[PDB]
Each structure stands twice: as C-alpha cells, then as structure tokens.
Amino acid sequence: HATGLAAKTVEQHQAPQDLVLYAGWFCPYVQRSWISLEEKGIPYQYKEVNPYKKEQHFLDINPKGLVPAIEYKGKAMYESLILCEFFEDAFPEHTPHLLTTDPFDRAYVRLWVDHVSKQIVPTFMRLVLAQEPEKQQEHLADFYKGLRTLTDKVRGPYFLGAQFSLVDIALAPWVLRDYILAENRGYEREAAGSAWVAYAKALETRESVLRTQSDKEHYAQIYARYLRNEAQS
C-alpha cells in the first residue's frame, strides 16, 4: 500500500466516484495519471491493484491487466498517457489544461511527451538491467543523451516555462526514482548538465507530484518489477 504523503491522498480518495482509478502505489505510469487528477482537482476513487492478485472486476473491464486504468460512466480505458489526455477531454472546465489550449503547443507537448516515452524511460530501464560496468556506462551515457535532448528545450522552470504540462508529468515519476541510478549505476544529475539539475528539482518539488509519492523503494523491489515485466514480455 501507499506510504508517506501518497497514503494521505489514497485515504482521501476512498469514497465512490464517477471516475475510478485502478492504481498501484509503486507504478510510475500510474503516477502520471494520478498527478493529472491531483493537478486538475478531478474527483476520483483510488483502488489499489495487487498485480499478484488481480480482482475479477478489474480483469473483466481491463483484460490486459495493466495499471493505470479507469472506469468512467461504465466504460474502461488504460495507458497512462491516453488517460492523461482523456482527463483533459472529459473534464474540460477542470483547469489547468495540461496540453495548453493552443493547437501548436498541444502538438509540441505531444512531441516531447513522445521523446520521454520513447527515449528517456526505456533507457532508464535498460540502465537498471545492465550487468557489466561497461554496458552500464554505455546505457548511462545514452540516458544523459536523452535527458539532454529534452533539457535543450526546457524553458524553465518547467518544459514550456511557467506553465506545467504533460511533458513534465510524463517524466516526473522517473525523476523521483533516479536515486536508484545514483546509488547503483554511477549516475549524477550534474553530469547531465545544469539544466537537468534545475528541471529535476522543479519536477520533484511540484505539489501534485509530492502528493503521489510514497517512501522510496529498494533496488531489489524495482529490479523485481523489471524482471516481472520481462516475464510478461
């Protein structure tokens, strides 16, 4: 179960609601969708899914079995980024608009969300799973490269500037987890450049992000998560 401030948030979201969020406290993809709900003040019921003992209703409405998922007005959806966009569409008067209202900026947000999903997050995983120091160093260099492609475009404090957006939300969960890299894979924020130092700090101090954060897990736990993902591959 969730701990820290996240435990407070879970306890405040036990009541039934039209929107049900099927979550895992540990899951960074869930955190993306959870941050969006906390940013926009959308009402939601939080249900904790134990992946080792998934309940039957969850599987009926969500047979692929991933979190996050939602049920809303009797229909179900999954995929963290799709849910983030769905919250924008389905609660149109619940500001902030995390894609902006501007058509080009919305496209630019989607482009850089894609960079997070395609480059940054997969390399984070490959670095955790790299075994030889040489392969670890190669994947760490690639992590820096992918971080720096993004920080080249960060206006500050957030990706678009003052306006928090889905680019920030897509990435923030992995900032919260980068102590794993610092403690086990030779990473330091400073080695990716000062812009990353400042942007990481901005993401991890965002109040919505803090409200979804549990106590730090151990390396063995996340490594176990990645081996389970491999086993489901």
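Residue indices: 1-based, along the sequence shown.
- Higher average CA B factor: 50 to 58, of the stretches 50 to 58 and 175 to 183.
- Once the C-alpha B-factors are averaged per stretch, 105 to 113 and 148 to 156 rank with 148 to 156 first.
- Between the residues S165, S208, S194, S33, it is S194 that shows the highest Cα B-factor in the PDB record.
- In the PDB entry, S80 places in the lowest third of its chain by CA B-factor.
- Per the deposited record, the Cα B-factor of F86 falls in the middle third when ranked against the other modelled residues of its chain.
- Annotation for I70: CA B-factor lies in the lowest third of the chain's modelled residues.
- Ranked within its chain, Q131 lands in the highest third, by CA B factor from the PDB record.
- In this PDB entry, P43 carries a Cα temperature factor that places it within the highest third of its chain's modelled residues.
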